[PDB]
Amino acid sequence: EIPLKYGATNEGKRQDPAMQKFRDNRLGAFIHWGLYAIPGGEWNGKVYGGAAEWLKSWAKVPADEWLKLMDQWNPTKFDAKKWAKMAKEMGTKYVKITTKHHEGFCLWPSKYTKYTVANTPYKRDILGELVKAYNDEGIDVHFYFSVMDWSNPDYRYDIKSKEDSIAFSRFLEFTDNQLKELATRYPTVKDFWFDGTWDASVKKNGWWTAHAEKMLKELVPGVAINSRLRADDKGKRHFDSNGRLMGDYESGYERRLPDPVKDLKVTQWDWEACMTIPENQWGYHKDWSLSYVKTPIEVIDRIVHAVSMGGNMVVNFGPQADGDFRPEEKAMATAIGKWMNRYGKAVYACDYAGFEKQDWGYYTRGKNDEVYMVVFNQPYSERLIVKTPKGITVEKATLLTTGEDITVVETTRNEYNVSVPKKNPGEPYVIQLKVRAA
């Protein structure tokens, strides 16, 4: 054991009701919305291929000039009730919102900086309106927060002088102030998802990361805190120097998912993946031809994949500067919602099933021993192979949508062919198994 003051605080998964809710939700949406939506990846006639929310960096824009985009912040089509309805129809159980991204513009009227929604033509507390509207639909709200802040000259990337130390200490105070403000202004918040914590300055101040977790947990009963916030005494991030997960869940499979065969270790902790629709755009980018754009079925595959390995999945949206969503995003949310309405019993409140991975798709397990086969790849053989763990048998198979009985044939000791449905469902589909343990 390496002695640590600022390492892991949880042993194993939290099982209090608030964490069970975070987990059972399973499917979320992400909102990246800030000043970067205005230029939408273009600056002075050049369209940059990099992530739109990083345009200040790509185009080397000074802070004062970038922040002058506030003069153009007037999203007249914004309607928090419409956003919440969109999320509800998609089947999301929670929404994670960029309270402040690296640019430092705040979606709530912070008293600790002038770079906020209050000092724009629109004036209104976007974050507060969203919290109310999502909550009215029974949707939990999580707050994204970037520690790295390009708008505050006290930020430092590393500490190389006494003046750096003093400035960064002021920065950490400012950060604390904003975090306490979020936690008290929006007391229904269920999670803080930290970003921009990779710099040497933060790594050298692991004590602060532990303090932030503790401070927020005191202010917001049951709140979840992501692993990305956390560094230990030695500067090790996410997992401490003894290999123990810090925070309440692992946040890391950002546009990447664990391997269904080789990465079963992830089933031992709570975790949440977050994904973009294009390859690498989070904020609004005006030109989605520049990289591969995922289809709804590709997104649904990723959602089920995460749940099959005991994790949550969050699908990102980058709203337009005007406060509406682009057509591709409206189509995506609607297609996901249609599928979730039909097949969501295999997603919501489901978890890892403990079965060997098969080529047809994924298993998920419900709260009362239901085992769902979620079929993405239809065998020409018309047989879905099911290999059961020792002592487990398959008593029945049923097509989820219709309740029709599906033939199950024992082929070997411990292996069955489950027939495909008589009629090809023509989309990824669910067969529910009844299983028995010896």
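Residue positions are given as counts along the sequence shown, with the first one as 1.
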query	finding
Given 125-133 and 349-357, the range whose Cα B-factors average higher in the PDB entry	349-357
Between the two ranges 45-53 and 409-417, the one averaging a larger CA B factor in the entry	409-417
Member of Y284, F192, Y249, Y155 with the greatest C-alpha B factor (per the PDB record)	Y155
Residue selected from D240, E329, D149, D301 by maximal Cα B factor	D240
Modelled-residue ranking by C-alpha temperature factor, third containing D199	highest
Record-listed C-alpha B factor of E382: chain third	lowest
Where the record places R255 (Cα B-factor, split into thirds across the chain)	highest
Chain third (lowest, middle, highest) by recorded CA B-factor, residue given as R230	middle
Record-listed C-alpha B factor of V141: chain third	lowest
